[PDB]
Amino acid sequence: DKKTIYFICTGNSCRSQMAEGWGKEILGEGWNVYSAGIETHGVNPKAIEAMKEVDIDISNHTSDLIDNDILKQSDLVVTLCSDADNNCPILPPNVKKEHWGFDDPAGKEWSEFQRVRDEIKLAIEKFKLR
């Protein structure tokens, strides 16, 4: 019935966390949305604040490493950064993978953090229209 999308960024901190938040809202009807990373950097407080601004609560999200069982059941694995794309483990044959590159918002001025958040919204909206 429900399909599964898996958002991956290096530390499961900013990009993948915002993508999970947007995904649960926009694709929530027929999609199970999860996020992971190559390493765990913790859920960025700025990502929680960025999502709170658009009335999406991601405060209960966790920073997790990639799980082989979630990978196995994924219909689409989406990598959100170059490092995550290149270091993503060998995927099961039936699982599709796409790289949706976004700039690293961590280290950028607060306005640019919000810009990346909204670029992610747009990519997820376009995905729903496929």
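Each residue number is its position in the shown sequence, starting from 1.
> Mean Cα B factor from the PDB record: higher for 15-23, or higher for 105-113?
Per the PDB record, 105-113.
> Which is higher in the entry, the mean Cα B factor of 44-52 or that of 24-32?
Per the PDB entry, the higher value belongs to 24-32.
> Based on what the PDB entry reports, which of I5, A123, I8, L129 has the top C-alpha B-factor?
Going by the entry's C-alpha B-factors, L129 comes out highest.
> In terms of the chain's CA B-factor thirds, is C88 lowest, middle or highest?
Answer is highest: the recorded C-alpha B-factor places it there.
> Relative to the other modelled residues of the same chain, rank the CA B-factor of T79 and answer lowest, middle or highest third.
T79: CA B-factor falls in the lowest third of its chain.
> Taking the chain's C-alpha temperature factors as the reference, tell me which third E39 falls into: lowest, middle or highest.
According to the entry, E39 has a C-alpha B-factor in the chain's highest third.
> If you rank every modelled residue in this chain by C-alpha B factor, which third holds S59: lowest, middle or highest?
Its C-alpha B-factor, which the entry lists for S59, ranks in the middle third among residues of this chain.
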